[PDB]
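Student: Structure in structure tokens, see below.
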Amino acid sequence: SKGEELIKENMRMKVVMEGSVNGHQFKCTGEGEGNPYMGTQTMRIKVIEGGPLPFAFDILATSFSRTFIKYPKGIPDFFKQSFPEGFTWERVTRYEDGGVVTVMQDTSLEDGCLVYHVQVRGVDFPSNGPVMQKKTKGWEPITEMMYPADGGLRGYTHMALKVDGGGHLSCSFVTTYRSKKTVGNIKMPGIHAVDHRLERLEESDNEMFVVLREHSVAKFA
């Protein structure tokens, strides 16, 4: 397909994120690379405005890349077929003890480089919770269930954010992935799972600089 010519064995990506959590404005930029067909990617993130953030970088880490999924033979790749136009995603994340995050993301391809704009709106995190107290130590591995939905995908995840001393902050994502393609055809997948391993490396003392690595692999349900 026309999508999986434009998506080379090695792709670069850059991201602008802007938003607020409990009324705190911030901007982050990031740039990285990976292998879309191995499901592997890494990106270097800076907080350029509102830093240091008075909340866990962990609530932003899942908003920084669905072109980099290893789709086994037998499961159509919605994301790679979307190009050259790309796709959007919108997500509601409801955290166990109050917090609600709204995300609208645009994915474009410009000059063979993937471009992400991310709009983030976090509210109602408890002032003394581990998110607003910066007492989180990253995510457990994720399985996202992908469901076909009127020519897009619906993504459903139950996730675990790790907190200081052990125990977890449970949260659920529902994500709507829509293609921006207006000229052309698509092969839709059926229901399938995507396993995601999202890790932090190389964080600065106050998470002003963060490297994320992700490994995303599709499988049968």
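Naming scheme: A, B, ... for chains in displayed order of the structure tokens; residues 1 onward per chain; ligands 1 onward as shown.
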What parts of stretch 4-179 of chain A does DSSP call strand (DSSP E)? I'd like the answer as an NGL selection string.
Tutor: :A and (11-21 or 24-35 or 40-49 or 87-95 or 100-110 or 113-123 or 136-139 or 142-149 or 152-163 or 168-179)
Student: Find the residues near residue A:51: any atom within 9 Å, counting only C-alpha atoms, skip ones fewer than 5 places away on the same chain, and give them as a list in words.
Tutor: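 Result of the neighbour search: residues 26, 27, 206, 207 and 208 of chain A.
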Student: Could you please take those selected residues and save C-alpha atoms as a PDB file, in the first residue's frame?
Tutor:
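out_2.pdb was written with the following content:
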```pdb
ATOM      1  CA  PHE A  26       3.600  23.700  30.042  1.00  0.00           C
ATOM      2  CA  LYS A  27       5.253  23.091  26.625  1.00  0.00           C
ATOM      3  CA  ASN A 206      13.705  17.396  37.837  1.00  0.00           C
ATOM      4  CA  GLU A 207      12.494  15.563  34.612  1.00  0.00           C
ATOM      5  CA  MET A 208      13.248  18.666  32.464  1.00  0.00           C
TER       6      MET A 208
END
```
Student: For stretch 175-179 of chain A, find every residue with an atom within 12 Å (counting only C-alpha atoms), except residues of its own chain fewer than 5 positions away, and show them as a VMD selection string.
Tutor: chain A and resid 3 62 to 63 65 to 67 77 to 94 101 to 108 144 to 158 184 to 186 188
Student: Mind checking which residues fall within 10 Å of residue A:127, counting only C-alpha atoms, ignoring those fewer than 4 positions away in the same chain, and posting them as a ChimeraX atom specification?
Tutor: /A:22,54-55,131-133
Student: Here is a test: counting only C-alpha atoms, which residue of A:38, A:53, A:198, A:28 is nearest to residue A:214?
Tutor: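 Under the stated criterion, the closest residue is A:198.
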Student: Neighbours of residue A:200 within 8 Å (only C-alpha atoms; same-chain residues fewer than 4 positions away dropped), as a PyMOL selection string?
Tutor: chain A and resi 138+210-213
Student: For the residues in the current selection, export C-alpha atoms as a CSV table (one decimal), in the first residue's frame.
Tutor:
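Output file result18.csv is given in full below:
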```csv
chain,number,residue,atom,x,y,z
A,138,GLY,CA,6.7,4.7,35.6
A,210,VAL,CA,13.6,12.7,29.5
A,211,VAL,CA,14.4,9.8,27.0
A,212,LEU,CA,11.5,7.4,26.4
A,213,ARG,CA,11.9,4.1,24.6
```
Student: A:217, A:115, A:171, A:60: which is nearest residue A:99, counting only C-alpha atoms?
Tutor: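 Of all the options, A:171 lies closest to residue A:99.
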Student: For residue A:95, list every protein, DNA or RNA residue within 12 Å, evaluated using only C-alpha atoms, and leave out those in the same chain fewer than 4 positions away; present the list as a short mmCIF file (atom, residue, chain, number, x, y, z; two decimals) with N, CA and C atoms, in the first residue's frame.
Tutor:
```
data_model
loop_
_atom_site.label_atom_id
_atom_site.label_comp_id
_atom_site.auth_asym_id
_atom_site.auth_seq_id
_atom_site.Cartn_x
_atom_site.Cartn_y
_atom_site.Cartn_z
N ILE A 59 2.51 11.12 33.65
CA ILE A 59 1.14 11.30 33.07
C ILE A 59 1.22 11.82 31.61
N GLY A 99 -8.09 12.14 38.94
CA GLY A 99 -7.48 12.81 37.78
C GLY A 99 -8.08 12.39 36.44
N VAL A 100 -8.29 13.37 35.55
CA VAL A 100 -8.88 13.18 34.20
C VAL A 100 -8.00 13.95 33.24
N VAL A 101 -7.44 13.29 32.22
CA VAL A 101 -6.56 13.91 31.19
C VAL A 101 -7.22 13.78 29.83
N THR A 102 -7.32 14.87 29.08
CA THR A 102 -7.86 14.89 27.70
C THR A 102 -6.73 15.21 26.73
N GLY A 122 -5.08 18.10 31.71
CA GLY A 122 -5.23 17.38 32.98
C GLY A 122 -5.92 18.26 34.01
N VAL A 123 -6.94 17.73 34.68
CA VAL A 123 -7.64 18.43 35.80
C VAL A 123 -7.90 17.43 36.93
N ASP A 124 -8.08 17.96 38.14
CA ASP A 124 -8.74 17.29 39.29
C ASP A 124 -7.85 16.16 39.83
N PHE A 125 -6.53 16.25 39.62
CA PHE A 125 -5.53 15.42 40.34
C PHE A 125 -5.50 15.94 41.77
N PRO A 126 -5.56 15.09 42.82
CA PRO A 126 -5.48 15.58 44.20
C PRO A 126 -4.15 16.30 44.45
N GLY A 129 -1.83 13.84 46.00
CA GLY A 129 -1.71 12.53 45.35
C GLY A 129 -0.30 12.35 44.82
N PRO A 130 0.08 11.12 44.40
CA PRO A 130 1.42 10.88 43.88
C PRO A 130 1.71 11.60 42.57
N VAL A 131 0.69 11.88 41.75
CA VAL A 131 0.85 12.69 40.51
C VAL A 131 1.27 14.11 40.93
N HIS A 158 -6.46 -0.67 30.22
CA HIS A 158 -6.41 -0.54 31.70
C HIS A 158 -4.92 -0.55 32.04
N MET A 159 -4.40 0.47 32.73
CA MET A 159 -2.94 0.66 32.95
C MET A 159 -2.67 0.79 34.44
N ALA A 160 -1.40 0.64 34.82
CA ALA A 160 -0.92 0.69 36.21
C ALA A 160 0.28 1.65 36.27
N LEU A 161 0.11 2.76 36.98
CA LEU A 161 1.18 3.72 37.31
C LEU A 161 1.74 3.34 38.70
N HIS A 168 -0.14 0.85 43.24
CA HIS A 168 -0.38 1.33 41.86
C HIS A 168 -1.56 2.29 41.81
N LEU A 169 -1.48 3.26 40.91
CA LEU A 169 -2.60 4.14 40.50
C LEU A 169 -3.17 3.56 39.20
N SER A 170 -4.38 3.00 39.27
CA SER A 170 -5.05 2.36 38.11
C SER A 170 -5.65 3.48 37.26
N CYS A 171 -5.54 3.36 35.94
CA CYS A 171 -6.27 4.27 35.03
C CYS A 171 -6.63 3.56 33.74
N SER A 172 -7.70 4.03 33.12
CA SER A 172 -8.25 3.46 31.88
C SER A 172 -8.24 4.56 30.82
N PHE A 173 -7.77 4.19 29.62
CA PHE A 173 -7.74 4.99 28.38
C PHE A 173 -8.81 4.42 27.46
#
```
Student: Could you build a table of the residues in stretch 84-132 of chain A lying no more than 9 Å from stretch 8-18 of chain A, giving for each the nearest pair of atoms and their separation in Å rounded to one decimal place, using only C-alpha atoms, ordered by chain and ascending residue number, as a Markdown table?
Tutor:
```
| residue | atom | partner | partner_atom | distance |
| --- | --- | --- | --- | --- |
| A:105 | CA | A:17 | CA | 8.9 |
| A:109 | CA | A:13 | CA | 8.8 |
| A:112 | CA | A:11 | CA | 7.4 |
| A:113 | CA | A:12 | CA | 5.1 |
| A:114 | CA | A:13 | CA | 4.3 |
| A:115 | CA | A:14 | CA | 5.2 |
| A:116 | CA | A:15 | CA | 4.5 |
| A:117 | CA | A:16 | CA | 5.0 |
| A:118 | CA | A:17 | CA | 4.5 |
| A:119 | CA | A:18 | CA | 5.4 |
| A:120 | CA | A:18 | CA | 6.2 |
| A:121 | CA | A:18 | CA | 8.9 |
```
Student: Keeping only C-alpha atoms, write the selected residues as a PDB file, in the first residue's frame.
Tutor:
```
ATOM      1  CA  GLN A 105      -2.960  14.401  18.821  1.00  0.00           C
ATOM      2  CA  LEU A 109       4.411  13.146   7.557  1.00  0.00           C
ATOM      3  CA  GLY A 112      10.001  11.925   5.332  1.00  0.00           C
ATOM      4  CA  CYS A 113       9.864  12.978   9.096  1.00  0.00           C
ATOM      5  CA  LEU A 114       6.829  12.127  11.332  1.00  0.00           C
ATOM      6  CA  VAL A 115       5.341  15.289  13.036  1.00  0.00           C
ATOM      7  CA  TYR A 116       3.199  15.057  16.192  1.00  0.00           C
ATOM      8  CA  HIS A 117       1.205  17.950  17.692  1.00  0.00           C
ATOM      9  CA  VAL A 118      -0.204  16.997  21.146  1.00  0.00           C
ATOM     10  CA  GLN A 119      -2.740  19.037  23.179  1.00  0.00           C
ATOM     11  CA  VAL A 120      -3.046  17.976  26.849  1.00  0.00           C
ATOM     12  CA  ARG A 121      -5.622  18.971  29.512  1.00  0.00           C
TER      13      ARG A 121
END
```
Student: Quick one: of A:189, A:70, A:96, A:142, who's nearest to residue A:41, counting only C-alpha atoms?
Tutor: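 With only C-alpha atoms as the atom set, the closest residue is A:70.
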Student: From a DSSP pass on the backbone, collect the residues of chain A flagged as helix (DSSP H, G or I) and hand them back as an MDAnalysis selection string.
Tutor: chainID A and resid 3:6 58:61 78:81
Student: Go ahead and save the residues from that selection, with N, CA, C and O atoms, as a short mmCIF file (atom, residue, chain, number, x, y, z; two decimals), in the first residue's frame.
Tutor:
```cif
data_model
loop_
_atom_site.label_atom_id
_atom_site.label_comp_id
_atom_site.auth_asym_id
_atom_site.auth_seq_id
_atom_site.Cartn_x
_atom_site.Cartn_y
_atom_site.Cartn_z
N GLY A 3 0.72 4.09 1.85
CA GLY A 3 1.15 4.27 3.25
C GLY A 3 2.50 3.63 3.58
O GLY A 3 3.40 4.37 4.00
N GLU A 4 2.67 2.32 3.30
CA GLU A 4 3.89 1.50 3.61
C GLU A 4 4.96 1.54 2.48
O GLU A 4 5.80 0.61 2.44
N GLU A 5 4.93 2.53 1.57
CA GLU A 5 6.13 3.02 0.80
C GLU A 5 6.76 4.15 1.61
O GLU A 5 7.98 4.11 1.81
N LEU A 6 5.90 5.10 2.01
CA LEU A 6 6.26 6.37 2.69
C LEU A 6 6.87 6.08 4.08
O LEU A 6 7.62 6.95 4.60
N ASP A 58 5.42 11.20 34.22
CA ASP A 58 4.71 9.92 33.90
C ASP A 58 3.30 10.12 33.28
O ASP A 58 2.98 9.35 32.38
N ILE A 59 2.51 11.12 33.65
CA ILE A 59 1.14 11.30 33.07
C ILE A 59 1.22 11.82 31.61
O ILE A 59 0.24 11.70 30.90
N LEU A 60 2.34 12.43 31.19
CA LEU A 60 2.60 12.89 29.81
C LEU A 60 3.26 11.78 28.96
O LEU A 60 3.13 11.87 27.73
N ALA A 61 3.93 10.78 29.55
CA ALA A 61 4.85 9.90 28.80
C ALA A 61 4.05 9.10 27.75
O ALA A 61 4.55 8.94 26.62
N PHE A 78 -3.52 -0.22 10.21
CA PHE A 78 -4.36 1.00 10.05
C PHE A 78 -3.45 2.21 9.93
O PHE A 78 -3.69 3.08 9.07
N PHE A 79 -2.44 2.31 10.82
CA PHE A 79 -1.62 3.53 11.00
C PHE A 79 -0.73 3.74 9.76
O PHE A 79 -0.76 4.89 9.22
N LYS A 80 -0.04 2.69 9.29
CA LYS A 80 0.91 2.85 8.15
C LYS A 80 0.10 3.16 6.88
O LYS A 80 0.58 4.03 6.13
N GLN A 81 -1.10 2.57 6.68
CA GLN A 81 -1.95 2.79 5.47
C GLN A 81 -2.49 4.22 5.43
O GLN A 81 -2.73 4.72 4.32
#
```
Student: Mind checking which residues fall within 10 Å of residue A:165, counting only C-alpha atoms, ignoring those fewer than 4 positions away in the same chain, and posting them as a list in words?
Tutor: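 The residues satisfying every condition are residues 135, 136 and 137 of chain A.
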Student: With C-alpha atoms retained, could you export that selection as a PDB file, in the first residue's frame?
Tutor:
```pdb
ATOM      1  CA  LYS A 135       5.932  10.139  43.749  1.00  0.00           C
ATOM      2  CA  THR A 136       5.443   7.842  40.636  1.00  0.00           C
ATOM      3  CA  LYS A 137       8.085   5.385  39.171  1.00  0.00           C
TER       4      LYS A 137
END
```
Student: Quick one, how far is atom CA of residue A:24 from atom CA of residue A:50?
Tutor: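 Those two atoms sit 7.4 Å apart.
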Student: Which residue out of A:98, A:140, A:75, A:164 has the minimum interatomic distance to residue A:221 when only C-alpha atoms are used?
Tutor: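 Using only C-alpha atoms, residue A:221 sits closest to A:75.
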Student: What gap, in Å, lies between atom CA of residue A:69 and atom CA of residue A:216?
Tutor: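 Straight-line distance from atom CA of residue A:69 to atom CA of residue A:216 works out to 5.0 Å.
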